[PDB]
Each structure stands twice: as structure tokens, then as C-alpha cells.
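Form deposited in one PDB entry, single chain, as C-alpha cells, below.
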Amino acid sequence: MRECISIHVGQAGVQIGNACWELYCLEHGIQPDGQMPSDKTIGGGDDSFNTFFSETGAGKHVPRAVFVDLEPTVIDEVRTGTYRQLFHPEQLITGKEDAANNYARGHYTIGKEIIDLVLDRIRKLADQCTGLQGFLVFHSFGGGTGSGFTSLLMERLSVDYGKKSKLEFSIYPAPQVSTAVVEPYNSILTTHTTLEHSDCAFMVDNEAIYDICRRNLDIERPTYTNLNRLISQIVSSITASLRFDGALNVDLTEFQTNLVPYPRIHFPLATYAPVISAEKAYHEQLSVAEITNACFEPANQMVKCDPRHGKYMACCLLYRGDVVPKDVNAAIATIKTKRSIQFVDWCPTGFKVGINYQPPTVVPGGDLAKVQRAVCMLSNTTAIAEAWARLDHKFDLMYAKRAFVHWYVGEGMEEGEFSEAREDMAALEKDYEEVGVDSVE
């Protein structure tokens, strides 16, 4: 009745999906063979909730998702791995060639040949759904598939569907760390195309999760299997009101109404405060006040953006477990009491609240602990302009000499587009400077 199609573009999106569909399939009791051991015993119920998972008559539960990577190295781990009998074999393993970390390849060259199949699978599911609301598009700035292809997909989903939600979780580029040299070019050419079409685009930084893991969880040598699980917990808290039942249900249409004031500033941040290990899971009460004070605490945020260098515009707070609203009220009072946390002079409310009764589940072989309650904060700030400027300086430093451009023209990017796109990001860096101003009566 309330479905959401999950699109996973690239290696990042696919590994994150392997984490998400592990967590979800653990919650509802699904085994990787696609079956329920409970429904055969109790003889009823829909704990395998139909927001994410479909159902046929033989007693299986197939997910509502499709994978696409433009390379066969990743999806051939799923096909040949543990979750091979769950997914529909229509995963796009169009493994001719990668996008070469070139936005041009994944937007016109190898962006064709693959898209008119992707759209013919998103449409078989939407015709299989009755009350669809959303398109959760996991992708990654920097990569060619994750940037060109995701932008191309957004262009296709805004012409055929229209009045729907289209969201984005994305690995924003770390300021110091990087696995590529032309990350900024692809990022800037992405935000010029994923602006008018997307509704709310979340953002994270692997440097921030690295600093979280070695300071909260006591892990000195982490890896992506220890990060994508936290991202999966974010996505589960974001997408829990559609699965389980709680007092205050917050759907996906409620985010873009409360966190996106103007249509161009839809770039919030995310955080999740209890990241403590079993040893640290004790020695601590885990009350709503501690969590709600941790979610605003720097060094627990998931982007290297000191929010004390800027102001906030809105903050959604999605809670889970044994929470009483009185404590949330007290905590929000305590937060609005302080002065280090500046709010704008046109959003005194600045808060949305959402509660669910289900606790979060513990993935075996994982790093987190068992909690009676958990929290996720979406937060829009005027601080993130710092990173757009830090990303524009790099673009300018390289485009003055015009390096790494013959690879983009070689696949059909003229010359104006680098210049034209960078003039569209100055407007966004200027809007954030406008909203930070206090009005005059």
C-alpha cells in the first residue's frame, strides 16, 4: 500500500544495498532463500512488510529493487554469493565497460544501452504497486556511473512520473580524503543536473564515518563493511514509519515539505548518535537527552562540516524504541535554550518529530550493540556552503589549466558545460549566503 523503490547505482550503492537488504531481511524474519519461517508456523501476518518486499503465491518475498553498475565485478558477487536466490535475476550487469570515472561516459556513451532497460524494470514494479511514494536512489559523487548515470536517471524520473518523491543518499566528497583526482568535476556537473529534478538529497562523508568509528566504536582498522551498516541503519530509521507501527508516523512525503524551504537548498545532513560498542554499551543510561544532545554534537556528525560555523533551517528527528514524547519535548527545549546552536529568524519551529515502537536490530558479525532506543537526525544547515566552496576552488584550480578535459570532450562534452555548470553552483553558494541573513522590520 505504501511502497518505495530502491535504485542502487554503482559499486557504492550496491554494497550499501547488500547491507540494507541484510538488515531489512533480518528484521522481518526473511531468510536469504526468500522465505518466512514464521508464516508457515503461526499461519498469518505480514511482518514481511510490503513497502519493500513483494510476494508471490509460493511463499516467497522478492525485493522491490534493481541494481545497475555498468560493470560485472560487483553484481557477480551477489549472483554467486549469499543473496543469490532472493533478488530477481533482472539486475543490470551490463559489464561492457566502466564509466572510467568520466561523467561523459556514464551520461551519453555508456549511459545509453542500459537506461531503456532500467526504465522498463522500474515500470514493472510501479505497475505492481498501488500507493507508491518515493525513489530511494543510492549513488556516489565522483564515480562515472554514480554521477552521470544517476543524473540521467533523475532526468528520466521527472518526465515520466512527475508528482512523486525522488530522494538521494550520496557520498559527498571528503575535503582531504579522495579516491580520485576528478571527483570535483563530476560532483559539480552532477549538482547542476540533480537540482531541478531531485526533491531531497541526503549527504555523507566517509572521512566522518572513519572518525566516528575510531572514536565511538573503538575500531582502528575499519572498512566498508563497517560503514555501510551504519548507513543501512540511517536508511532503516528513515523508512520505518512505512513498515512498522508507532505513535507518530512520518512518511517520505513529509521530509521534502519540512526540510526543503526553497527548491535549491535540498542538501541536508544525517546523523545517528548511539554508535557505541558492547563495552561502551554499558556504563551509559541511553536516555533521550543524551542522544538528542549527541546528534548536534560535532565529531558525531557524518559530514566534516562544523555546524557552529553556520546556522540551521530545519531538523527532522526520527526516533525508535522505548521513547516517551515528554523526554523529546524536554530535549528540544534544552537544545533551543543554548546559544552555540543558532537558528534562523524565520523558522522558530525548526523541528519535526517521528516515533516508532520497534527497536533496531543487531547484525551478527557487526560492531554496534543492542539498544532499547535509537535516533536519526536529518538536519539542513547553512554550514555546507563551506564544502561547496572548497569543492569549487579545486574545480577552478584545475579548469584554469584545463586538465582532465580531453577525456570529457572525447565522449561528448563540448567546452561550455564545464563553464556553464560552475556558474550554476555560484548561485547556490549565494542563496545559502542570502538565507543566513536576519530580516529587517
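Residues that one form lacks are left out of the comparison. In case it trips you up, residue 1 is the first one in the sequence shown, and so on. By rigid core we mean the largest C-alpha set that fits within 1.5 Å across both forms.
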Checklist entry - Quick one: across the other PDB entries of this protein we compared, is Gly410 left without coordinates in at least a third of them? => result no
Checklist entry - Of the other PDB entries compared that resolve residues on either side of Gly44, does at least a third omit it? => result yes
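Another form, the form deposited in another entry, is not on view; read the next lines as being about it.
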Checklist entry - After the core is superposed, which of these residues, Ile93, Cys200, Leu86, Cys129, moves its CA 2 Å or more between the shown form and the other one? => result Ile93
Item to check | Core-superposed comparison between the shown form and the other one, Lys40 Cα displacement 2 Å or beyond | outcome: yes
Next on the checklist: Thinking of the 3 angstroms or more shift, are the C-alphas of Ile122 and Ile93 brought closer or pushed farther apart in the other entry than in this view?
Outcome noted: closer
Item to check | in the other entry, shift in Cα separation for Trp21 relative to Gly44, 3 Å or more | outcome: farther
Item to check | Superposed on the rigid core, segments between the shown form and the other one of at least 3 residues with Cα shifts of 2 Å or more | outcome: 38 to 48, 91 to 95
